[PDB]
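Residue numbers (PDB author numbering), protein chains in the order written: chain A, 1 to 792; chain B, 477 to 635; chain D, 94 to 200, 207 to 330.
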Amino acid sequence: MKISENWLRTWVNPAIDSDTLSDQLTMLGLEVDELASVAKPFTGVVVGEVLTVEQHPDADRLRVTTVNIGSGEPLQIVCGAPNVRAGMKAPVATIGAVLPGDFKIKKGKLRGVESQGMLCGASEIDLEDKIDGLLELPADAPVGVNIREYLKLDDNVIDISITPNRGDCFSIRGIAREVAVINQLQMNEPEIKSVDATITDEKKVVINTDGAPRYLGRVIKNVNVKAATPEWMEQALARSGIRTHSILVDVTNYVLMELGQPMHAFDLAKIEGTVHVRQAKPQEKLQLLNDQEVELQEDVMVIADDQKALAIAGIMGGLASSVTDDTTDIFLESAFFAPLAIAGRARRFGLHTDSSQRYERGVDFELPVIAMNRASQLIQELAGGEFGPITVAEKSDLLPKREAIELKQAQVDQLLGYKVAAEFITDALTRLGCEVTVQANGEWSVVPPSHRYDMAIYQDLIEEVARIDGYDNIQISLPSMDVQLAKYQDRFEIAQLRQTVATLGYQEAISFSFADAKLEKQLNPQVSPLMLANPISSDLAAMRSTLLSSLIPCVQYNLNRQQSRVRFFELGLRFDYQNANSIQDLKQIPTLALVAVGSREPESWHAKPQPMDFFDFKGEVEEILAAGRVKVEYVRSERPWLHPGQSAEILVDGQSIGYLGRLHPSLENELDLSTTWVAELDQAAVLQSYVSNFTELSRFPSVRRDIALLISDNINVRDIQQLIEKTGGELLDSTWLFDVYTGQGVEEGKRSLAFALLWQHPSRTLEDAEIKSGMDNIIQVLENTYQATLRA
Amino acid sequence: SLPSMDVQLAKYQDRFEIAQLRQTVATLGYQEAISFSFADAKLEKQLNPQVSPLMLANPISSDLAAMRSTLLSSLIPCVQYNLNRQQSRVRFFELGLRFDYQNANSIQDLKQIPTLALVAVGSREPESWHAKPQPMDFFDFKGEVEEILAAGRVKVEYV
Amino acid sequence: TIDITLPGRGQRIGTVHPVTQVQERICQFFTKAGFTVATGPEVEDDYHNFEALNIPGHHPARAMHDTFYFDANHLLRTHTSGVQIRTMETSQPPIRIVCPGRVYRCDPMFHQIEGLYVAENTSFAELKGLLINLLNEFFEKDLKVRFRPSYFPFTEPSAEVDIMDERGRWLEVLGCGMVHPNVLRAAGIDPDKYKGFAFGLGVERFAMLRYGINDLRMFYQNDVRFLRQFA
Ligand SMILES: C1=C(CCNCc2ccccc2)CCCC1
Ligand SMILES: [Mg+2]
């Protein structure tokens, strides 16, 4: 809300500069976004009266004139302003003037005619005029005073942004009360005069709803809808951000900005019979005062009659009841609408008017009777008419109740943490509009005023004390608590996971949780992703079923900017939504993603840069898993976006916790990614707890043995290793593969594997008999299970 | 009962934590060792023959008599311990104190500075089918030390 | 297409020492609860190790045999008391610190954590509660703890806590007590306006009971097979 400071000064003049006044509003809960002068600063521009005008100089269409700005020997100046009456009085910038933009007119001569300033400025003075040459309309004549004082151009417009809990401050009266409370002054409201009824015309009461507990309507006949809008009311609405229309709409907008009670005038000749404040019929149609025609619902309150509908209650009037240039008699509405009956309904049709936002929030319910006298006073004074009686349709039992709230000094001391004087608590509340009665001895019984809708519990009153006393007077303290040692089990912390993945050479990326549905389909063509209902773009519309749908665009971002090697990792929430019949079946799994393209290590003199193979990437994933004491078995993955021959599924206790392997080379070409290495791991599996158990160490030397198998290439080395460990027994404590060979000497379809057998004894020293017995037992079961040949 | 205190956010500047250093060195393939702060004077003189060792007045033995001027005088015995038990590859790192007593005219001139040491014997990676086991060169070891310095935003120059 | 079960080409993850793991586990209980870890030199003098702990000098609490020394006023730490002394002499209460680190005695090198808490008021009741849930949450059991009275020149009343470990046995795990007024007064802290307690536990004692180790000589032989068991 933007309001004029001078208009605010007419209610409360605190005799302080504009800076400290805006500081008081911000420190009161009313954040001032901007305080600027009505017009940009300029020095030297007084008012003059044009005497004579002569035309046709220098061809084209100009006119040389002489203006008397109080100077003894006034000079001339040329201009081409197309006006009507010649000899008008208009402010004129002098020769030493400094109009905005360094427009210091240096006099000189306009082709012979000596000049002395510029007697114009329709738009050069920051005024918003329609026709060119309308510099200073000849409304009157301030007799040569500075233009900054006649139109009050040095006034400041205060752009206040007020929170919805302070619906009372959406007006000059609401802001002035705040400025009066903080400065211990009393607001001198302008004396309102009621209009006496001379005629006795119709009326109508309707209680078909509960959202209008107080309605006031006045029939006023023979009004001048084409009346002149005065400069003071036009400017007050202008610098408050409100446009000018007719004389009746400007008055209702003026009282709306002055008191906060919205009003609306109808065309009485277009109201048939009794007026109704009712709920709309299901899918009832209505054409508003704008060209927009809306289709209502049966929960939107409207103001109708015995046949049609006239307006949406407190939101926007209709075109069928609008006051046109053929309007003679009007019906003035001044009602209070329940905020619960207006909230949200205006946003359905893309509407947000000054009457809408004020009725959705709290509006003074004791104000309809006051705004009716305000408009009727201004209508008769500025337009005139035959005024009738005031129709009061009031259901006083359903008005917004304001029961007494109890507040004790102990509650204010507990919540604020510091003691505020009981004289301060009573004085601050009683000037904000509350009627506080000192119950008992130390407690109070404070009732909230009729204009404030944010006082319901005692904490609301405590917030009011800290507001008026000042938030800069909040004493500093520290909370206290008991030193209790919380339960904690040894685990792989998330911070230690980052340090490991960063040590392995990966940079932490943070991509959007939503990605493109098309890229999500490219990775997994059988995916059913969770789609947003209102995404900002097509590429951010699908909640990522895998972190690749959002990391790949980040990789492509760098690859397109001369980056051969980019390695990312993210933590890392994916959204599993497949095989789900409802959104409550959605699974949000925190995961650890790995994306690597380019060479393993940066370019150096040690070797030519070459991308990783599967075992370089597996060696990094095996260390991340080993860093969390995770025991893992690997099996071939069948995920669509993976190379089926070089992609593993990471299983623990038989169930999968993630995958690792390169992207499917077809997807690499569709995305222009060269060779990429991707992996994802559940954080719950990596960041797991662990427990170490001590086992005794043998004190006698171990024995090392070698076995060289020639086996087919279609049997995994894990099954060979697992079989050796089982048949080896308890004496065989560890085994590991150390050589493979698929060159000359081995037939196609087979490979020569060399395993290392380490035999350990818990108590004694190994004899050659028990070792050879185990060696012969292992080679025999290997020849029987897989049909292999052994050596030593 | 439990003690009560005022929760106050203590001063803290971003830094390379000691717990983050252990994780980086462990990812490089080093096991944390804790050797005695006193070592043998013979090995202390074998490393630096011009050393001025801080020696104990009542040492528990001959090999635990001199406070270590370098962590190597106490880590080398542990490296030999594993080697005397069929351990081809042993990679240690210790975060303890060394006692600089060189060019000191009195005991209060002693400088007890905390140090991070690295000892590596054997191949850089455990025995696997990818390559025959071979010991590290200077650039394998420099690449590890460079990453430790890089993990703490330390800019260095080598002479 | 290649065999996906072959071992990867990389580096085997390292190992953190079990003594440092237990040390980090005990400290994290206090670290994320208001206490700050403090450290200091291991070669101390005589005042910060004895005279400032309400030990007059030739008192029976000296035992010059089992304490490594160099001169007559320079020795190896028997406990991390110097850091707690210097913290009290420079800083002012409230003081909430835990002091880990290795100490030395002639038997030879072991670690022990010694906490210190000095505020406007504390009591023996708060010391017992903080120690009970420290022992309960460390060992992750519902232990049966015993508080025995003992003597320390820097505490009064002083206590020693046991836990029912092994087979119904009482094993000492840590000593504690309320900071003696002379220890606060000697460091510049008014013993009438400020109260304080302290404690001290051997790390090797906790590590063996936590991991089931019976020969603490393995903690410093540093056998790579032993260290790997904690990885
Ligand atoms: C305490 C100390 C002494 C250092 N040892 C801690 C301990 C305390 C109680 C029982 C056993 C061990 C330093 C000054 C303040 C009070
Ligand atoms: Mg409030």
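Think of the CB as a built atom: it goes at the ideal place given N, C-alpha and C, for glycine as much as any other residue.
is_contact[residue i, chain D] using C-beta, thresh 8 Å
{"i": "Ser-692(A)", "result": "yes"}
{"i": "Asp-490(A)", "result": "yes"}
{"i": "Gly-645(A)", "result": "yes"}
{"i": "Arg-699(A)", "result": "no"}
{"i": "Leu-737(A)", "result": "yes"}
{"i": "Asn-716(A)", "result": "yes"}
{"i": "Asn-558(B)", "result": "yes"}
{"i": "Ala-486(B)", "result": "yes"}
{"i": "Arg-498(B)", "result": "yes"}
{"i": "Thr-503(B)", "result": "yes"}
{"i": "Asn-534(B)", "result": "yes"}
{"i": "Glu-189(A)", "result": "no"}
{"i": "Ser-511(B)", "result": "yes"}
{"i": "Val-595(B)", "result": "no"}
Residue environment, residue i, which counts as buried when at least 16 other CB atoms sit within 10 Å
{"i": "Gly-133(A)", "result": "exposed"}
{"i": "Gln-116(A)", "result": "buried"}
{"i": "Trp-605(A)", "result": "exposed"}
{"i": "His-158(D)", "result": "exposed"}
{"i": "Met-481(A)", "result": "exposed"}
{"i": "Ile-69(A)", "result": "buried"}
{"i": "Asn-147(D)", "result": "buried"}
{"i": "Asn-290(A)", "result": "exposed"}
{"i": "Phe-103(A)", "result": "exposed"}
{"i": "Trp-641(A)", "result": "buried"}
{"i": "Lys-618(A)", "result": "buried"}
Residue j beta carbon less than 8 Å from that of residue i
{"i": "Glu-386(A)", "j": "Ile-220(A)", "result": "yes"}
{"i": "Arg-347(A)", "j": "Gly-260(A)", "result": "no"}
{"i": "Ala-338(A)", "j": "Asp-210(A)", "result": "yes"}
{"i": "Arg-63(A)", "j": "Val-53(A)", "result": "yes"}
{"i": "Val-555(B)", "j": "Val-595(B)", "result": "yes"}
{"i": "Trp-7(A)", "j": "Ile-172(A)", "result": "yes"}
{"i": "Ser-564(A)", "j": "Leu-523(A)", "result": "no"}
{"i": "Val-32(A)", "j": "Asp-168(A)", "result": "no"}
{"i": "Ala-502(B)", "j": "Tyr-162(D)", "result": "no"}
Proximity test, Cβ basis, 8 Å: residue i and chain A
{"i": "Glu-508(B)", "result": "no"}
{"i": "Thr-180(D)", "result": "no"}
{"i": "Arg-102(D)", "result": "yes"}
{"i": "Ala-627(B)", "result": "yes"}
{"i": "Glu-603(B)", "result": "yes"}
{"i": "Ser-545(B)", "result": "no"}
{"i": "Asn-232(D)", "result": "yes"}
{"i": "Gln-121(D)", "result": "yes"}
{"i": "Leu-478(B)", "result": "yes"}
Residue i at chain B interface by Cβ criterion, 8 Å
{"i": "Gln-320(D)", "result": "yes"}
{"i": "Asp-482(A)", "result": "yes"}
{"i": "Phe-569(A)", "result": "no"}
{"i": "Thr-113(D)", "result": "yes"}
Pocket of ligand 1 defined by Cβ to heavy atom distance under 7 Å | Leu-146(D), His-172(D), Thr-173(D), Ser-174(D), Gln-177(D), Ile-178(D), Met-181(D), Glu-213(D), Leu-215(D), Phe-251(D), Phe-253(D), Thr-254(D), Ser-257(D), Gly-274(D), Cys-275(D), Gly-276(D), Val-278(D), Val-282(D), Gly-295(D), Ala-297(D), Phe-298(D) and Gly-299(D)
Which whole runs of the alpha helix (DSSP H) in the region 226-260 of chain A are 4 residues long or more, in chain order?
-> 231-238 and 247-258
For the region 720-792 of chain A, list the beta strand (DSSP E) runs that are entirely contained and at least 3 residues long, ordered along the chain.
-> 732-741 and 750-759
Quiz: which residues have CB nearer than 6 Å to ligand 2 non-hydrogen atoms = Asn-165(A), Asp-454(A), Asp-460(A) and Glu-463(A)
Which runs of the alpha helix (DSSP H), 4 residues or longer, sit entirely within the region 122-188 of chain D?
-> 174-183
Could you pull out every unbroken beta strand (DSSP E) segment of at least 3 residues lying fully inside the region 553-620 of chain A, listed in chain order?
-> 566-570, 573-576 and 587-597
Which ranges does the beta strand (DSSP E) cover as unbroken runs of at least 3 residues, wholly within the region 627-670 of chain A, from first to last along the chain?
-> 633-636, 642-652 and 655-663
Quick one: which unbroken alpha helix (DSSP H) runs of 4-plus residues sit fully inside the region 418-493 of chain A? Chain order, please.
-> 422-431 and 458-469
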